[PDB]
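Take a look at this single chain in structure tokens; it is the form deposited in one PDB entry.
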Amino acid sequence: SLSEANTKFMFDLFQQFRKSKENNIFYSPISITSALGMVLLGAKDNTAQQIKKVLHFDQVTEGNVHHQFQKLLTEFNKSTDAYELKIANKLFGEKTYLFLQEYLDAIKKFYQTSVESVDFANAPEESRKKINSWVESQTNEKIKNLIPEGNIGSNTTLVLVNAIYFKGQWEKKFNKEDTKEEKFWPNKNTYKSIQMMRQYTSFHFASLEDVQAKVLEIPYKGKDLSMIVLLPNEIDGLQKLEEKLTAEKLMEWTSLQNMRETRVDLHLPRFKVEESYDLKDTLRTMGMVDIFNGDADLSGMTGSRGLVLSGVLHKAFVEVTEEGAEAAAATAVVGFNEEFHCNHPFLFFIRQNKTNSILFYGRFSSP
């Protein structure tokens, strides 16, 4: 399945980010998947095999990555009085550049992509600003400057973008009166102050005696989405939890079968994470290499070989407060009885419960 392939890709990414991200980590795997899916639709041969492999689409059973992405996107684009979820894809092309009508039709149909043309050739700065400004408009202005200066030139011919936006009330809101200053330990011998929200209510909970950690599910109102938190038992237990975590174990540890309704004294910080990623080298390292060099085959975009990707950028935001949470991200592809006290490092993610998809994943290491 496509959701399962997205989680695996998510954990592959995380193992890479652990090398260059010392503190907080936060991203939208689905955003990245959706962008690179749009690329896949116009890739051929080994350019296409590499992408498929890196994203785990070679494991998606009934071309059908795309069919499935269309379902997923329709399922995600739902807002309610209690939350909003939105995911939008767009192609910005050089106004003079021609794409195959079949590539354009395919991205419109499977990825709901809107197509705009811009003047990269003579106004690349202004084109860059238009794109950044569209992203802002899709993310309640939480993702600003997705594409910084110099990642677009007069020779840029395409920018494929995914934006994802979520804002949700908690099913059980925290009382702001109960929020208090506390110590947050990023390391055993070190602390930063933090605003700690506190609540005592029941939640799905499990003790993972094996990895010496706990899991909690914190639902949004309506329960169409939840934030899941994984908290090591020890201040410094995160690395081992990180070493042990795989797609299968996550699915195992976070299924309702393996959790139980439990009264939990939940202490969760008010927090915000903003992180930017240049993914070109990360993606090459994981196996996507033709796409970025002279062996690129993106002839399914234009009728013949010649397009190469110059860049892939990702930016993500999340803020957690007493009322709920707001999370956004965007991806640009450029072509030419129990306690649960979160006062030390933890992993968290926002899950779409119906599809069982992970929309956003992160590590909170330090305010």
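Definition used throughout: the rigid core is the maximal C-alpha set that superposes within 1.5 Å between two forms. Each residue number is its position in the shown sequence, starting from 1.
If you look for the form deposited in another entry, you will not find it shown, but the lines that follow are about it.
Shift analysis on the rigid core between the shown form and the other one singles out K167 from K167, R270, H204, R284 (C-alpha displacement of 2 Å or more). Relative to the superposed core, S226 shifts its CA atom by less than 2 Å between the shown form and the other one. With the core superposed, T179 shows a C-alpha displacement below 2 Å between the shown form and the other one. In a rigid-core overlay of the protein, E102 has its C-alpha displaced by at least 2 Å between the shown form and the other one. Whereas the shown form places them at one spacing, the Cα atoms of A88 and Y277 lie at least 3 Å closer in the other form. One change in the other form concerns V161 and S276, whose Cα atoms lie at least 3 Å closer than in this form.
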